[PDB]
Amino acid sequence: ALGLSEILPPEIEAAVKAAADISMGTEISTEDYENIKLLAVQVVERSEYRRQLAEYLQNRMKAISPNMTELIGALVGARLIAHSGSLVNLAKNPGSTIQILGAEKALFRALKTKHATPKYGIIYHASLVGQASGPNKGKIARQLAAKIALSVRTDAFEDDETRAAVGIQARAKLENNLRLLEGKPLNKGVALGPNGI
Amino acid sequence: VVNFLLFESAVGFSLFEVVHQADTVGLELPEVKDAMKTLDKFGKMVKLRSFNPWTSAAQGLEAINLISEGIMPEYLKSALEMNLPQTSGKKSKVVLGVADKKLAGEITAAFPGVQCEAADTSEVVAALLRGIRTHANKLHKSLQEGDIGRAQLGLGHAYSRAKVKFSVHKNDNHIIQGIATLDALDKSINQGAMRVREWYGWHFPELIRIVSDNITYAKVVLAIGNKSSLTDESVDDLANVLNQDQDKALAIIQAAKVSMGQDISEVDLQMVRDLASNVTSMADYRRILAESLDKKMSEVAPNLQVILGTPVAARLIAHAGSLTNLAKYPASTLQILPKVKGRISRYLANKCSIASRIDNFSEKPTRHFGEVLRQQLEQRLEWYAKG
Amino acid sequence: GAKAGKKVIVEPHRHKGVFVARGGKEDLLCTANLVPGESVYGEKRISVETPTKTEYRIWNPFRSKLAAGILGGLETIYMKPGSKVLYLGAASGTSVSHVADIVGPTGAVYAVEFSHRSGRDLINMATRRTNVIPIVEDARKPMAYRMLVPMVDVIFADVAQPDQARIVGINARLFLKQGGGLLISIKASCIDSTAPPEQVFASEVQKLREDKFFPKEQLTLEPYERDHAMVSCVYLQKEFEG
Amino acid sequence: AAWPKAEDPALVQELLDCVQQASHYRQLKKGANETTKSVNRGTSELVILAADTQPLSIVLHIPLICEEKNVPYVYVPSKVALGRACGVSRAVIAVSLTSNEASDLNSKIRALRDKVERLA
Amino acid sequence: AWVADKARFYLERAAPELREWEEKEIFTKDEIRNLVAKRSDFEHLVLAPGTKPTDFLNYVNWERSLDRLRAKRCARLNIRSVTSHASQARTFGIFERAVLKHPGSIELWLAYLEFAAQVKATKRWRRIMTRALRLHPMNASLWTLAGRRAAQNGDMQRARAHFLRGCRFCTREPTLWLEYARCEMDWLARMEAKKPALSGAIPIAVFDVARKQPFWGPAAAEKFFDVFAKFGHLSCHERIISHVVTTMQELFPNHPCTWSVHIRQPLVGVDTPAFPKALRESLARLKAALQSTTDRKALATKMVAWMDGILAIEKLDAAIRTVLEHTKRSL
RNA sequence: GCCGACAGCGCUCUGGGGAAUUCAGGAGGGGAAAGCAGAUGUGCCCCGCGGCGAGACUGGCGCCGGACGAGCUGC
RNA sequence: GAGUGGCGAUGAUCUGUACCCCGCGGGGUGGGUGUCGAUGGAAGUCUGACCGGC
């Protein structure tokens, strides 16, 4: 769009008119501008292909495992599917394994080297263990991994709110469990007056 | 006894009244160096009579390119008619301090009653001005918005380019990064096009046997759609695609007539035609880059392209960085970048050096000189071919 | 020796913004790359991430008198991240790129050169880096670029002129601060080819001294150059920053 | 582009004579490529080019690296005079001449680039 | 900061008028407590390092409203021989210190010119005016104000000094050329109103010289027609308008500005049988002009702006009013 | 890497360390118009001293100098 | 009697991509490469009964 206001919020486009005024613009020809402009339309075409690929994978994962989608979402669950290979081969793995999917180098480094195993793997970029912080991160990594072995096991061995009857219960229990973990009082402390009394 | 002086800076002119003038005998004294060192004392010596900005960077570039040779402009004579009093040299004159001797002589030539001490001559106004240059940020801050260093920086790029004629004959940019993106997206279209061949070929096997040339595969599986709705000569396309009557189309509709593999669904076919439009738009943009890239390289450095071809001349110009660097390398350093093979490697390396510096250090370089370089290349090919 | 891909750790040098990269059989003086991923004139450089980003161009005492002085054992170089340096005799902007790597993004290098061709390579490098200004003018006429240069902290001087102390004299009398840095490379064969080099060096020091500088130290660049001196002095004060 | 043009009143003659004497002391790198190697390696003490080059762009590249290495360069107006000044039987287009620790030739290089410094 | 020292000079300089206000029955003693303490707080705020033109105008507004308060309270208690000149002198001190510290502040400069004009300080007003022009020479606001107040005072030569130096400097916008045609033709309006003046080739020289300028464009020339299109009661307004339309139809002859002045040209010397006569003449030029091959959208927008630009007038044929509304609908 | 006798050496002693804060100093950086050298309200008119200044004469040897002056302005 | 063709600083030559088996021709593994693979290997997929409130 440059060589108006839909692409970006205003008063930053006032700054791009300002830098367009006072910048060090080496006036290249319109043929070279046509080349860099066709690279721009190339990469915004790949951005549109990103959008419809993302909607493809979201709707497809909703059709394949709705328990997973109504726990952690299509992207993270899709990457678990991609790690173990398939849905039944994800379902044959225990809940600790589905906690440690994605962290096997640190994990067998720790197990062969007598050190601290990793608390989580792929799971960390879900909408919940990112919502928690502190020790609640590893704790809700455990219990989310247990409930998610359970839910992907239901999706893998059998309108959509009866097919997704495990994931909604695990969302309610697991987010209620979140706020009872986080919204907690601190350690009880005495108060002292001006004199140490 | 200096009355006024003139500080000319990259944002504009500004002339200062000076009152409580400097110790003209004790200039090298340390306490006077302190009073010429800190702002809270020298500013008791200088006021600010007038400021004259630049209404455009074109006026700034003409202002440097007059004031470097030492000629004043008509707007400087304007601001000095604005500021200086109407004096002949009859009975009362006005001393102005100017950092340049010929500007002083021209300015006493234009104004007969000004008399100008130049900072090349007298250390009084050389110091009284040198300190306006020290504090002229804080001295001008109350009326000039923004920093001075960026206006300096842009004015220095502007004056260097206007004095040297830089970007009228510096066009290296459009092939180093262009062959970077050209080989990059050739790798990309091999990757994604191999993907769409693997997956639609997972749906429909023998199209790998009838149609190779990966991007033509991608367009023919954009157009063929599903295994179901085929006619061979459907709409105005397959004659421009490939052979039609005896060779390909009967193998297409016959191959899907005797098709063997798995079926597929509609949204999956939306993936194969979004991915197909990905690959074929990538190929169209590759045609655009090869066209404008080869035209541009034959319009900028033709010698390396006639003796080598623009993909490998593009690889050497991106491989050394610029025409100035590849020109600066010697013969055997370009040879870095039985005995017949390495011998002609040395010979074409040496001619690629001589073609490099003849390619750069002409103004807008020609074409026939590299043509006669390839004439020497052909007669050395014949010089071995007498065997 | 210093082959591409050898593991080599980087520790800071004694100066401000100068780095030293110690490897197994060697060591390499290096600066921090201001524009990453790009070598200026085709030099070796070092990439490292925080525990993509960090990059260190390797700096050559055979192609740079200032690196010959830093490996020559110089006390101070007067330049630090944040300084303003007036470089004199800037051919192609190579050592101007290393000075620009020292003073960094907030600093400013004011590169002056007479020749138009080194002007062009200087505009290439100085178009890539945004703290260096290109000035293609005569160093014997400072009133040409008096509209371009403010009061700088340091002047670096590498010109092959017989009137070198006069050129740096008037450039410091227009552009160098009260108590300013000056760092001059001197070629005795270029000033006086029939005199002994210690006497040429001492005479150029005396011309700066009656040009009202104050010489702090002198070192000769002689495992890396021949008959070259590096004189470090300070304008109008005995101590630098004032 | 030959702004350090040497004058035919015997400065060219002293240049070509010192070329010949350095050729007899083997201090002489002949031709544009070997000149370029001597300047880039920094061995060079002085360098002469020839302005009788038919395209002069093919020797215009070494004043850049001579400005970088700070060695004096100067043009003589005949590559044939430079060529038999070297003693080559071909046309030498650009010559570079180095030095050592102790030679009267090194003294002649010193006085010669003193004259070249009087040009530039 | 020695703000207590320099502030101590200004407070102790202010003290004997407070003495005279306590010994006259005008203010009372705790009022003078509030007054001394507030004077002090302003003087330390103003002589403080980090200050603003807002702060200087706050203390100018408060000190001057103090002078008006003492004036009205003086008129209450029927006092005479108490004067305002320590307040005016003091206010000139606040301004002189103000535009000495922040001289690049046209709020301060225009406010100081406003005070110097409201206290009838004319010679001092011109000195402030020249200092303001020297620090802001690219300011059409200041060059216009100097030229116009010089014209209303009556020295048109000094007005033309401020204007011709102004047109020398402010040459990005057309604004000061418009105000010098506007003020020079204001002077010709005064000369033909009192009746060189018979010819009046000065704004024509402004026009033809103004051709060679970096602003000189067709829309700006239409702003020249908006300037000259008033004062149609003159001697040579048809000659000046006719030179503008003729020269634009000799240099830019394919522009809806030239077609727009081709419409509005017979309506210069009007304000009445000629008003429908030249109005329908502008309908002949209008129908001749809207069909012309030019920037038809720009002429359509100009004529929506012009047919809307007549509507406030009265005593018109309602058929003409409605048919111009339908012409706005038709375009 | 911890521990380390004897012999010897150095620093220090209201023994030796660490943290929290209260007080007394020192050095350095960075930021800041950071600017009280003579601090007299405004406007008009008359005088005095002076500055620009059109235009006009003259003496001496191609110059330098005298001495007139419409008008406008500063103090 | 006329018109063409002809190395080299505007870079000749030389040590140096390996060894071996044969009659300028052919073959056994190189090493560095640059790809896509691959099923193949390193390579195996944490702990398991308490904890919080009062």
# chains A, B, ... in the order shown; residues from 1 in each chain; ligands from 1

call {"tool": "interface_residues", "arguments": {"of": "chain G", "to": "chain B", "cutoff": "12 Å", "atoms": "only C-alpha atoms (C1' of nucleotides)", "output": "PyMOL selection string"}}
result
chain G and resi 7+9-14+16-17+24+35-36

call {"tool": "residues_around", "arguments": {"residues": "stretch 35-41 of chain E", "least_positions_apart": "6", "cutoff": "9 Å", "atoms": "only C-alpha atoms (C1' of nucleotides)", "output": "list in words"}}
result
residues 7, 8, 10, 11, 14, 15, 18, 59 and 63 of chain E

call {"tool": "closest_atom_pairs", "arguments": {"of": "chain A", "to": "chain C", "cutoff": "12 Å", "atoms": "only C-alpha atoms", "output": "CSV"}}
result
residue,atom,partner,partner_atom,distance
A:23,CA,C:130,CA,11.7
A:24,CA,C:127,CA,8.8
A:25,CA,C:127,CA,10.6
A:26,CA,C:127,CA,9.9

call {"tool": "residues_around", "arguments": {"residues": "residue D:117", "least_positions_apart": "3", "cutoff": "9 Å", "atoms": "only C-alpha atoms (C1' of nucleotides)", "output": "ChimeraX atom specification"}}
result
/C:160-162,190 /D:72,112-114,120

call {"tool": "interface_residues", "arguments": {"of": "chain D", "to": "chain B", "cutoff": "10 Å", "atoms": "only C-alpha atoms", "output": "VMD selection string"}}
result
chain D and resid 32 to 37 40 55 to 62 64 to 65

call {"tool": "select_by_dssp", "arguments": {"residues": "stretch 49-240 of chain C", "states": "strand (DSSP E or B)", "output": "PyMOL selection string"}}
result
chain C and resi 54-58+84-88+108-113+132-136+152-157+176-187+215-220+228-235

call {"tool": "select_by_dssp", "arguments": {"residues": "chain D", "states": "alpha helix (DSSP H)", "output": "ChimeraX atom specification"}}
result
/D:11-24,32-40,62-69,79-86,104-119
